[PDB]
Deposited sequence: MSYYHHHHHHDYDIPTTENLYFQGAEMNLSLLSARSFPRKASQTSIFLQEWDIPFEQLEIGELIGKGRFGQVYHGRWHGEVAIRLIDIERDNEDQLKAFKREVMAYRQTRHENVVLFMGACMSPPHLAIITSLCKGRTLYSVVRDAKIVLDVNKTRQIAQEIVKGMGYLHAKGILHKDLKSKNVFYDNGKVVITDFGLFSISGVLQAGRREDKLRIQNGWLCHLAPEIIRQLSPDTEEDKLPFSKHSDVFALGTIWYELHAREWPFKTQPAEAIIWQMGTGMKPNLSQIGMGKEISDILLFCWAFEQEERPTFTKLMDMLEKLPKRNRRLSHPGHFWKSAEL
C-alpha cells in the first residue's frame, strides 16, 4: 500500500526540495538536492487503488532502467495521498526550446544525430518492455550534443484529460498520436485504456523528425478537430516545401505509416538514419 524510498538502490539520506522548474499538466516539478535532482510531486485521490497498485509495478519496472539516453530514474516514494518521482536533473534546454530558438543552427547532420540518440534510448526502453507514450520535444533534453529522454510511461497514470462531455486537447498532443489512437479519442476516453504500442511511439518519433527540420509541429495552422480527421484518414505532410531530399522525407513516410505493421522498429529506424547524407 506504500513504497518506501529505502527500497531503492540509490542510497538516500536527505532530499531538499527547491524552486519550481516549470509549469506542467502532470504534477509539479521542483529542483532538488540529493547532487542536484528533479523531483516531480504527484497527488493521488486514494481511489482506483488497483490502478496505483499497477503504478507501483510500473515504478518498480523503472528501477531496472539505466541508459545514457534515458533520464536516470533515481527513486519514488509514496505516502498516499502524496506521491513523488525523483529523476536525475537534466541541465541544458528542452528540445522544444532549442528547435524554436533563432540563434541555434540545426543542419541536416545534427538533426540526423539528435534523432539517432532518441532512437537509441527508445530502443532500450522497448527492449526492456517499457512504452513511453508521451514522446514530445518537451520531454527530450539537449545539452551541447547530450540527448536524454524524459517522462516515459507517466502518461498511463497521468490524468491530463480529466468539462462535461468535452475532452481537453493541448496544442501539440494530437500531432504525436498515431491514427489508431486518434480514431479512439472520445470525451470520456482515459489514458490508462488507450491503445498505445511500440508502433505508436515510433509515430511520435516521426513527429519529432518533422519537428527537427520544419522547426515547428505539423498541422501548426489548423485546429484540433481538423487535425483529428486529417490524421485519422491518413493525411500527413512532407518536407519538400522546405527543400528536403527524398532521404529525409522517407523517414516520415515510414514512421507515419497508416498501418501499424508498416512502421519500423527503432533498431531498423536506427539503420535508416545511418544511411542519410
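- Stretches of the deposited sequence lacking C-alpha coordinates, numbered from 1: 1 to 43, 78, 207 to 209, 325 to 342.
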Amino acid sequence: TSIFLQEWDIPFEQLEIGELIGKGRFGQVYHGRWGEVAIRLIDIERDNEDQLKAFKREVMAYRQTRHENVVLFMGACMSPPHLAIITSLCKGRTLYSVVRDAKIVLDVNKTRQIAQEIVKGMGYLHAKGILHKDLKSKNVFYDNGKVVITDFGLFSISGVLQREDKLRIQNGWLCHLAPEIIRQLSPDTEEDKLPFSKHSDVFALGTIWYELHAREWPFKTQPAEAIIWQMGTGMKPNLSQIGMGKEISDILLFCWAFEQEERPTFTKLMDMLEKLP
From here on, numbers count along this sequence of modelled residues.
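- Compared with other deposited structures of the same protein, residue 163 meets the criterion of being unmodelled in at least one third of those that resolve residues on both sides.
- Set 233 to 241 against 45 to 53 and average the Cα temperature factors; 45 to 53 ends up higher.
- Taking the PDB entry as given, 74 to 82 carries the higher mean Cα B factor of the two stretches 74 to 82 and 122 to 130.
- The PDB entry assigns the greatest CA B-factor among 176, 193, 183, 93 to 193.
- Highest CA B-factor among the listed residues (197, 144, 97, 88): 144.
- The deposited CA B-factor of residue 109 belongs to the highest third of values across its chain.
- When the modelled residues of the chain are ordered by their C-alpha B factor, residue 222 lands in the middle third.
- In the deposited entry, the Cα temperature factor of residue 67 places it in the lowest third of its chain's modelled residues.
- Among the modelled residues of its chain, residue 187 has a C-alpha B-factor that falls in the highest third according to the deposited record.
- When all modelled residues of the chain are sorted by CA temperature factor, residue 228 is found within the lowest third.
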